[PDB]
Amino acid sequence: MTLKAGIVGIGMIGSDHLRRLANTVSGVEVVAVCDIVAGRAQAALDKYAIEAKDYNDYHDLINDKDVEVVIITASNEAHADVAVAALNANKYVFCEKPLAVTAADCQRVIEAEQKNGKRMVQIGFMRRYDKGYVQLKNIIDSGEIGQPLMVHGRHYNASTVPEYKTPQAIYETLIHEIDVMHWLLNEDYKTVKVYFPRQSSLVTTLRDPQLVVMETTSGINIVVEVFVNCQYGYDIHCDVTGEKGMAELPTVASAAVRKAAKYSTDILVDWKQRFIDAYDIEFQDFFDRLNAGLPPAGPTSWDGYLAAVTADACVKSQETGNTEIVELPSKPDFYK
């Protein structure tokens, strides 16, 4: 059982995923490739000795009858248009996070998806396939630590380039916690509040670090410290305090050395290494289900819409200096 995939957007992760889908994920052949920049797509096909047809306009890729599944790794600005066109053409869609920046752009995709009467979209929030997050999820769902009450998270990264501004702390970075905490706790957010701790004097190009207080609808208190120029490495923390215990996300194992009065392990520096395995796992799940004839079971268009709205309210909080309210429609039955 094997499925035909077209990829739109052969940028940084476009290539990566191109390599993945032809070489690592089973039940999928890449038959079509597409980038708006002239040499791009073919250049990657060349890199990997992959044979696909190459299209400059994504529309012809989606119209290509070979193409059964559309994979969206293009720039955010493009996401909604490509997704809508795929859904209107009755094709499945894996779309990288975020679904789209605006709530409204997420709504058009939801609308396109429902007209098919069939769940057909998964979003690339890969942390849900990370094995440690899966372990944490199961501890929560087992009831072992009882009802969750408080959550403490850290999302730390060694440094940023100058073009990463204050809003990207939310849009690019926090967005992961936005999605993963929601999934861990099976709750939405009612409020968000971005605090600005003392500015790092190493950092001149954005406000950093930041401290976000989020309340879920039942009142679970989430604190996430975000420090994207913490200097020492890439470091994810997630602790959940329930009524009768606490559960802690593990980190990446390292050999340990005793040397010169110090007992030490490594902390990762390259952010891409942290959830690198989950990319393959999330696609493998997606392709296993579609090939089994079942709907996707990962993050949905609705999950993408949720994240967008929550991220939006955090950014608003940055600007106004106030707690902001998260406003969301009823979860459509379609997504239940």
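We number the residues from 1 along the sequence you see.
Between 88-96 and 177-185, it is 88-96 that carries the larger average Cα temperature factor according to the deposited entry. In this entry, 11-19 shows the higher mean Cα temperature factor of the pair 321-329 and 11-19.
Across 281, 307, 268, 38, the entry's maximum B-factor at the CA atom is seen for 38. Comparing C-alpha B-factors across 251, 217, 116, 204 in the deposited entry, the largest value falls on 116. Residue 75: CA B factor in the highest third of modelled residues in this chain (values from the PDB entry). Among all modelled residues in this chain, the alpha-carbon of residue 229 has a temperature factor (C-alpha) in the lowest third. Among the modelled residues of its chain, residue 103 has a C-alpha B-factor that falls in the highest third according to the deposited record.
Per-chain ranking of the deposited C-alpha B factor places residue 243 in the lowest third. Residue 141: CA B factor in the middle third of modelled residues in this chain (values from the PDB entry).
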